[PDB]
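Each of the two blocks below gives one form of the same protein chain as structure tokens; they are labelled structure 1 and structure 2.
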Structure 1
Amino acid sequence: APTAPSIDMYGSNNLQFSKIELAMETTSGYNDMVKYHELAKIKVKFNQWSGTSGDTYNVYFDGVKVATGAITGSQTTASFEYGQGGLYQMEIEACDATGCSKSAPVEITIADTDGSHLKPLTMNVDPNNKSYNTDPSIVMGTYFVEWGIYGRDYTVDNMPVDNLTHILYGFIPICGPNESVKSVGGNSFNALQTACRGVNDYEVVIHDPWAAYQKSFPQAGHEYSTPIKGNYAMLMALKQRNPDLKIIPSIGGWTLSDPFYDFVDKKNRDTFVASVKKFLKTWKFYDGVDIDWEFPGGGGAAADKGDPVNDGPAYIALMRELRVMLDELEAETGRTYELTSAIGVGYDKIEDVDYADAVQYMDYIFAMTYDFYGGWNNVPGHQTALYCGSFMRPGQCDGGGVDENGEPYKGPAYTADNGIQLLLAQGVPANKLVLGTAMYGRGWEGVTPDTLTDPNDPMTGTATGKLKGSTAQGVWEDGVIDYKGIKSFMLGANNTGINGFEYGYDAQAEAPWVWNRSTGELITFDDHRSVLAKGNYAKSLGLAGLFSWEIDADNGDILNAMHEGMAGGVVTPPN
């Protein structure tokens, strides 16, 4: 028989192959950093220094023949292509008329972006997240943010994945007009300019490739030379752990919506929709797309954008077009892909889209039932309440009243039920609506007791400015605090108030607050009681389930309450 191939490990890239090439020590244009191949090019060098070399080689993976070719003397390079990622025991055999001889087996890795080469992720979840057996039909969603790995120090293996059905990954930008991103300060706008160098406008990119795929996480067993790293390799390894988990990129958001206003021109939608198909072929762990345009008709971060007449028809077309695209991917892959969107729920946002037409294309609508009130002005109110609070005036709830100056309210007040009912009344199915819960508070200072028109209700006061605090307190920007900061700095363990805050609850709105009467610090948020009330409301109306913004800011209490409030419930999944 021929001499047995001896595999040259260092001559064959120590048997590490990747279907994706990712730039690792530089930051450039997305199309210069990211190259994906349908088949990996496998090249394995071997030698046969003694004896006869033979005529032909065969490559085996786990005992099955995957490639064959000619022997070239004493040194041969086996070159072939292979589509399926994984870890395999490879053997190379040499054959001639006399017989065949084979190398010892050695493990080959073929990386792919479904995580098929990876073991299930090792988790490191705060043990305050409890276990439940919520019915699998119910959505339990949340947003994980790409930048949460910096100061917030919250990584993929921290998520309580067994308690989630959907992870929306916040956020994928669209190249093009993006002045709103300058409002975050720091390097975010300039990072986007780098990502978009050499990329056509209206195509998606990764905003932060360091966080997405370059940074080595030692808890995920990453090495500097590991071919895929960052949050994306962790999400791949999470999907190996929990294969029924849906991981969906979220396009847009508050700061990254400015390009959507140009989707009134179909040409820009076509560019966008093709890029999203490419994106999902590249990054196979994703299961669909979520569109967070804030908002058709305007009222988002860009004060100079928004077309009430045209943006709704654009949104609907987008959804129509994205669904055609996703149907192509389902044909190509055999997989099921979801199309969703987070939407505003004020009456003036919902009136700009004919959702009866859009929703036919969509699996879920994540109703943004939060940010109703906040530190952008000095008017207290409940930011995430189901119903109208005590603080509201006669006829403010349904919009038929007049304000304190005698001016007509222009529509119903901002509450979760006013927006859910406006969506239902136009024919959006209940079982496609997902109700939002807040893992953060918004707040004010200067709401001192002398400013209240009703002394029992700090939501009848007036502020002097936004809540201020430090990042250790969960205050990453003025007027906004993580729920785990409210719990550590205002509620305490027994939920009865610390540091001069008192707890209160508006039983008519279903909305909690904490109030320090000395500093006039007032914070509106969601707590155990209000999130049980959202679960009971969702069960009562047959909504699809609950989602939350943002998972790093919880300590387990809010996600636990989402599940508790859903106990016993089942729902019909949309077809």
Structure 2
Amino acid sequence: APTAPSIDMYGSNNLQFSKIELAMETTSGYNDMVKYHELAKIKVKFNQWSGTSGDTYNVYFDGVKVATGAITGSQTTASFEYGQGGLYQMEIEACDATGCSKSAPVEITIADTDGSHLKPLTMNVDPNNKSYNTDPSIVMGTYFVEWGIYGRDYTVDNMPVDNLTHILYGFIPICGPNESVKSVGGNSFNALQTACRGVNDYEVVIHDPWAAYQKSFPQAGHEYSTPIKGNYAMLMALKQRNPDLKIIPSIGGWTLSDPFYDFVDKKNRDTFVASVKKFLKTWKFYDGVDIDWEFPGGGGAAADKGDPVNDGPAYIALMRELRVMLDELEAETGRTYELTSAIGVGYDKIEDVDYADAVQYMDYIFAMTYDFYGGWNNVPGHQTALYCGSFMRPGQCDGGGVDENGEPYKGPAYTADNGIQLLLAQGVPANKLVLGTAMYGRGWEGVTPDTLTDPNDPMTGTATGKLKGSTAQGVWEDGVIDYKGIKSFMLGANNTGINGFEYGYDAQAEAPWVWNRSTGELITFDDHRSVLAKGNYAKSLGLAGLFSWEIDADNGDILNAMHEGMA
């Protein structure tokens, strides 16, 4: 009949323990900040200040004895190891010759990176996002960007998760040559250089540990002693709410592609593949890997990079090696892992890889059917059009014509259909292709009525520079504006144009635009109409479905249209 133990919370780290040890107050190399243990160390302090303390204690989780040891006077520390993540009701019993006595139960948290210790996330979704009964075999994907939590103020609990089958999390960098990241800013390059200290070149790391697992999100119940926080803890809780959702890390993108060019050497591919396997064993909520190399053959952010002879065979070899590694994981865990890639769809990008060969290893190809035209130059055009628009010259659609200076075109025009047709012509199966939608516009200023060669079509005009505006209007970088900013400040509630803009739509291209004839501002984007057209196209060709880039920029209209388009 010893006295029942009483739990010392503060000395028991508030009963928060974890299989993964994460630095919370400092920033260093990835292998200094993140250490995954097969067993969590549990240390619970209890006291017995009254009566007799007894000789031995037992610790129970949900009524099952998990530890035992000696009672040490009026305060005792039970230290033991535990391998299974979860939330458990713990009791501590003190025993002697004359009987045993149990503490009142208390919840203990043993964190693991599948979210097994988390309750389902509470969502805060804009109610403009509607509910649909889309066939569950259709891909409905979007990219969520790690940095959406700063200015854009868009967190995981804001995502319309019931309307998504795949969440691609952007972007995981590869250690090594990454000068392109300095175009984003020196802090972002410095963050990568910090993460890579003590890490071999060609291994993956987390670019922004603050956003990924350190930041406390009060909306997710996070507190000081919460063992995993950040977007990653939210994605874990999201998987608990939506256990069929696939969450896939996307490696690469525009500014993080420079190390992929070194994958012509197999040793570098080996290093990378092993590192991905270790990342997925560490962060168990992820369901696969998405390779976003921009672009094999060159044409990406680094003008000096690209080997059109060797990059495509390296890309195929990489996908083969990834699929072998992921089959090893499947065997170890009993889970299914998906292998996917986002690829350029200009004819010059498609010609540099045999995707029919690479795609036999892949579940899905995400065709980047956007960014065809944009503020990097002063040539307006439809950035995400399905077909050739009205502005194109004779012979431009197919590539056999000359431009307005007399220079021959070198290939078929940039349109989503020209890209899809080229990939199907290679032998890529329709049912592995996912068509992309932009949730943003690209834009110019100075396209005035006197620059147009066809007065009904501002895409035949000439710009003087990139669209400018404030972050309040959804302009986070010159030349680019969020769809929700176009809707609020350029379309208005009737979709006919406000603030001096008029809405236009190229019914042949299937591409909308807004134009302010006073300022020459012209923006090319995707809207309800063009997305319904993309969905109709995807249905008619037996494509796998649709994905969008990037979800924080939508107000619900684009994802709703994607569902309606596939109905």
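Start at 1 and count along the sequence of structure 1; that gives the residue numbers used here. Heads up, when I say rigid core I mean the largest set of C-alphas that superpose within 1.5 Å between the two forms.
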Domain assignment check, rigid parts between structures 1 and 2, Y57 and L121: no
Measure from C-alpha superpositions the angle of the smaller rigid part's turn against the larger one between structures 1 and 2 and state it in degrees. 15
When the rigid core is overlaid, by how much has the CA of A493 moved between structures 1 and 2, in Å to one decimal? 1.2
When only the core is superposed, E38 shows a C-alpha shift between structures 1 and 2 in angstrom of 2.0
Here the CA of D96, compared between structures 1 and 2 on the core, is shifted in angstrom by 8.2
